[PDB]
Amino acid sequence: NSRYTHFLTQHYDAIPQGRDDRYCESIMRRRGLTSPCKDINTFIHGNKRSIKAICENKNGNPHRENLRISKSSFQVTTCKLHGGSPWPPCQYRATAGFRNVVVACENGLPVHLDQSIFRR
């Protein structure tokens, strides 16, 4: 359903343009995440083949209550809001990382990214 589609929109970017502040400012705006400014957001890179797999044991282990945590590690770019105001223009800071990810899967597909692990 739409929740998978909405995971992609908010947390999938196949091929990032250099993953700096300006990329964050750009892709956030583009994906509808700037009114008001989404405080923190993380984009997974690579193929979807691999992300959806976190819903099976091909690439996932159960985790906590409702979630799944990936076996593989993914390239990732966390956009973090900075400045004070919740309202555009939304200035962001990009942090590129490389680690496994945590999602909730509903009906074999990811419908939620847990952002907690990208704050610390």
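Quick note: we count residues from 1 along the sequence shown, nothing fancier.
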property: Comparing 68-76 with 48-56, the one whose average Cα B-factor in the PDB entry is higher; result: 48-56
property: Stretch with the greater mean C-alpha B-factor as recorded in the entry, comparing 86-94 against 37-45; result: 86-94
property: Residue, from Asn107, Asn100, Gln17, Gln10, that the PDB entry assigns the highest Cα B-factor; result: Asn107
property: Chain third (lowest, middle, highest) by recorded CA B-factor, residue given as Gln115; result: lowest
